[PDB]
There are 2 protein chains.
Amino acid sequence: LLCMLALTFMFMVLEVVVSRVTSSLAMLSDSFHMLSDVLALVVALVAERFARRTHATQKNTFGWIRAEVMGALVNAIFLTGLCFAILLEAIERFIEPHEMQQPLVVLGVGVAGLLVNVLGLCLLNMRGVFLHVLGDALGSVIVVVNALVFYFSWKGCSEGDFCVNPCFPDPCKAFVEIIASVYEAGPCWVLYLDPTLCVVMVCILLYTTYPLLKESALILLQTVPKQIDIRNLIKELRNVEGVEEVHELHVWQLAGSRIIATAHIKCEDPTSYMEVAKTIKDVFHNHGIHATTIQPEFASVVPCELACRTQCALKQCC
Amino acid sequence: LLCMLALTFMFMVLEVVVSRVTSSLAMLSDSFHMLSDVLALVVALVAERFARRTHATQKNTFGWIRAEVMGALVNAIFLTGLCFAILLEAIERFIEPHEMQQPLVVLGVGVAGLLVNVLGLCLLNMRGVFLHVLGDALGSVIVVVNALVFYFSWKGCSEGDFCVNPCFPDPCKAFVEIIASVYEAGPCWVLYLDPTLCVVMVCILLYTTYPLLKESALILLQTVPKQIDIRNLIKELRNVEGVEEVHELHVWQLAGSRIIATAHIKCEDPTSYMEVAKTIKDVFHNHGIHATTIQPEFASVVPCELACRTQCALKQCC
Ligand SMILES: CC(C)CCC[C@@H](C)[C@H]1CC[C@H]2[C@@H]3CC=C4C[C@@H](OC(=O)CCC(=O)O)CC[C@]4(C)[C@H]3CC[C@]12C
Ligand SMILES: CC(C)CCC[C@@H](C)[C@H]1CC[C@H]2[C@@H]3CC=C4C[C@@H](OC(=O)CCC(=O)O)CC[C@]4(C)[C@H]3CC[C@]12C
Ligand SMILES: CC(C)CCC[C@@H](C)[C@H]1CC[C@H]2[C@@H]3CC=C4C[C@@H](OC(=O)CCC(=O)O)CC[C@]4(C)[C@H]3CC[C@]12C
Ligand SMILES: [Zn+2]
Ligand SMILES: [Zn+2]
Ligand SMILES: [Zn+2]
Ligand SMILES: [Zn+2]
Ligand SMILES: [Zn+2]
Ligand SMILES: [Zn+2]
Ligand SMILES: [Zn+2]
Ligand SMILES: [Zn+2]
């Protein structure tokens, strides 16, 4: 983990610095994606370290096990925020285009990123990581092809001869239009490739990270998992022996694949309660739910036999 | 709520657009703060709309009560991401200083924001809103004083007269040293003022948003609330004549003041369980807990009388 984490972090630092100095948007977006990747590795390591020894902690009774889910959510939404900022910068660049400072350094960092992804390729359990590395390499080669197209087409100028087309506003009024030799700059295919390509990059990043963010948000919010069917479960619970009807059923996913159930039941006879709670355990275990807790209300218009009279209707769940 | 929402959103759009036009970072940070405020209002409205008709939906058995807290976390982390982008821009501006484009429009939008905050004042439950609007007004004061100081002190050349600037690199090297020696006034107190005020603004935003993010994170992660002491509660539960030992006790907060408790008690005398259950209800209602699902495991090699046959990968918590 750390063996690639350190390399990715150091490359991220240099990449961010040189990109924002050179002020090229697609490069900045690719560096932000590498930033999201390295923070994903960081949160994965933190979650593994915390989950290695989870117990009945004084502060957290359940344990810091939702750490991986919350880290995924934080990374996804942090990337979304940075991507929104980058899109705002791209719109600003549409407002007033700027040329690339130096294609040579951009090509160098692009091939460096390509080599970084190639090295990471060597290091679906591993196929998912390989696909993520391939997507990062795709972003890197998009940066590289941007650099190539800019270098091959943008003839530009480096002398005092009239070179800048009216599309690009002249710097410092071009010395009041020199108060020289006639020259025409590059065609209308550059000075716009960088932002019109960074928008594609940011759109693809948003499309890739939306399902992960949605899944993490649904996990963090108390939502029944798609695997468990609430209607089938409630109907099958009603169709048991010794139980009249069930209420206050709460089912939610904690993290990964450990589901917690909660319900209240009523039994006709207090005697011989066992072999009935065993039936409830078996029927819950039949579905994906494994950790349960069933409170019996022993045997009428009142919904639940156990309710504090002086209770904030709200405070009491549902 | 929407009456101020529409005005705030329209002003946010205008200020963001004009700030990106003029490239002023302090105004950009203030606009980001306004964006955070309007998004907070939006999430509050949607949370109230969802909470007005909270029901045991098939997808969400608990209900979308946690929507407000999730929106608060989303806003806090989005603001943090935008603030990180702002720090990147500020470090860039330290690397290469750029002067403000048009002080007049910046002063106009600053006084417009001040008037917006004044109208907000015109329109703890309300003391918190007063504190927030006073903070936003303070940010507007920062941006307007930045504009005022830049306008009065800066004396950059506008015409073709000589202006030797060592502070900022001249565009096109001033026609390559031109291939009325007017000197600028106080470059130190002018060029660097905007990025440093932006850094101060973003630092104060981080300081004022960190506690909210921490509380929201502790709410989403299943953490015992600071109001309830878990050790005292378990000691009182153990100090009950009916129950022998209490195991698998989980306490967590849903949203606001809604605490749900879970326990696996073991007791004898099946015909008198309800006598114990009333005592458990009373002792839980003594603390902040108001919703419990105490499951009696009726009668020490095995800790819990009910358990999965395989308990694969100990999905069941603890
Ligand atoms: C790319 C940008 C967003 C910077 C990311 C930096 C991370 C490496 C930082 C940000 C938040 C940090 C965490 C914030 C809080 C804590 C709790 C801390 O536990 C304590 O000792 C708590 C002490 C207390 O507050 O009482 C251990 C480090 C940790 C996990 C930090 C680990 C390092 C983190 C993830
Ligand atoms: C071009 C500029 C102005 C940026 C535009 C941003 C949004 C208009 C885009 C970015 C990502 C898009 C989302 C990417 C993915 C999806 C999932 C897609 O299908 C699903 O909901 C689930 C698909 C699946 O998982 O198979 C519906 C459209 C949606 C929400 C897209 C809606 C439009 C979004 C938010
Ligand atoms: C501007 C850039 C370059 C640096 C930004 C640094 C911030 C992320 C740091 C600087 C000072 C820090 C604060 C210094 C002191 C505290 C008090 C302390 O918070 C509490 O009060 C929690 C404990 C309590 O319950 O009293 C720890 C977090 C906090 C807000 C820190 C949060 C992180 C801050 C804002
Ligand atoms: Zn990646
Ligand atoms: Zn099971
Ligand atoms: Zn009940
Ligand atoms: Zn109560
Ligand atoms: Zn309930
Ligand atoms: Zn505000
Ligand atoms: Zn038990
Ligand atoms: Zn447990």
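No value in this document is a laboratory result; all are computed from the given coordinates. Every residue, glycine as well, gets a Cβ built from its backbone with ideal geometry; the counts of neighbours run over all protein chains shown.
Some observations on this one:
- A point 7 Å from Cα along Cα→Cβ stands in for B:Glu245, and the other copies hold the same point at 3.9 nm, listed in rising order.
- Computed over segment A:55-95, the P(r) curve from all C-alpha pair distances, binned at 5 Å from the origin, holds 6, 20, 12, 14, 11, 10, 8, 6, 5, 4, 3, 0 percent per bin.
- Neighbour cut-off at most 16 other Cβ (10 Å), DSSP loop, GluC sites (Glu not before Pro), segment B:205-266: B:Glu241
- A:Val283 paired with B:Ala299, simple spin-label distance in nm, labels 7 Å along Cα-to-beta-carbon: 2.9 nm
- Distance between modelled label sites at B:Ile91 and B:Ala6, nm, 7 Å Cα→Cβ extension: 4.3 nm
- Residue-normalised convex hull volume from the C-alpha trace of the protein assembly as shown: 181 Å³ per residue.
- The fraction of all Cα pairs in segment B:230-314 landing in successive 5 Å bins from 0 to the largest distance is 3, 12, 25, 23, 17, 11, 7, 1, 0, given as whole percents.
- Residue-by-residue Karplus 3J(HN,Hα) for segment B:20-28, coefficients 6.51, -1.76, 1.60, Hz, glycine and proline x: 5, 5, 8, 6, 10, 7, 4, 5, 4
- For the protein assembly as shown, the antiparallel share of DSSP beta bridges with both residues in that region comes to about 55%.
- Over the Cα atoms of segment A:4-61, the radius of gyration divided by the Kirkwood radius equals 1.24; this is the Rg/Rh ratio.
- 3J(HN,Hα) from dihedral phi, segment B:6-13, Karplus parametrisation 6.51/-1.76/1.60, rounded to Hz, x for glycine, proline: 5, 4, 5, 5, 5, 5, 4, 4
- Debye equation applied to the C-alpha atoms of segment B:66-145, log10 I(q)/I(0) at 0.16, 0.25 Å⁻¹: -0.90, -1.15
- Extension gain from B:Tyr210 to B:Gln227, taking 0.36 nm per residue of separation minus the Cα-Cα distance: 4.1 nm
- Using a simple spin-label model with pseudo-atoms 7 Å out from Cα toward Cβ, B:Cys318 and A:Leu148 lie 5.9 nm apart.
- Nonlocal amide H pairs with A:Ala185, under 5 Å, H built at 1.01 Å: A:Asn165
- Neighbours of A:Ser181, meaning other residues whose beta-carbon lies under 9 angstrom from its beta-carbon, give a summed charge of -2 when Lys and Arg score +1 and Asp and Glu score -1.
- Each residue of segment B:167-239 gets 136 Å³ once the volume of the Cα convex hull is shared out per residue.
- With the label put 7 angstrom out from Cα along the Cα-to-Cβ vector, B:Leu45 ends up 4.4 nm from the copy partners, going from closest to farthest.
- Fraction of beta bridges assigned by DSSP in chain B that are antiparallel (%, nearest 5): 50 percent
- In summary, chain A shows an alpha-carbon radius of gyration equal to 1.52 times the 2.2 N^0.38 Å reference for compact globular proteins.
- Taking the label point 7 Å along Cα→Cβ, B:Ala217 and its counterparts in the other copies are spaced 2.0 nm apart, in ascending order.
- Among the listed pairs A:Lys59/B:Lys226; A:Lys278/B:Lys266; A:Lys214/A:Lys235; B:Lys214/B:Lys235; A:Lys235/A:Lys281; A:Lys59/B:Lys315, those whose Cα-Cα separation exceeds 18 Å are A:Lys214/A:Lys235; B:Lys214/B:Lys235; A:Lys59/B:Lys315.
- Normalising the average separation of contacting C-alpha pairs (under 8 angstrom, six or more residues apart) by the number of residues puts the relative contact order of segment B:2-103 at 30 percent.
- Between segment A:188-253 and segment A:42-111, the alpha-carbon center distance in angstrom: 20 Å
- Taken about its Cα centre, chain A carries a charge dipole of roughly 920 debye when the Cβ of each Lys and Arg holds +1 and the Cβ of each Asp and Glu holds -1.
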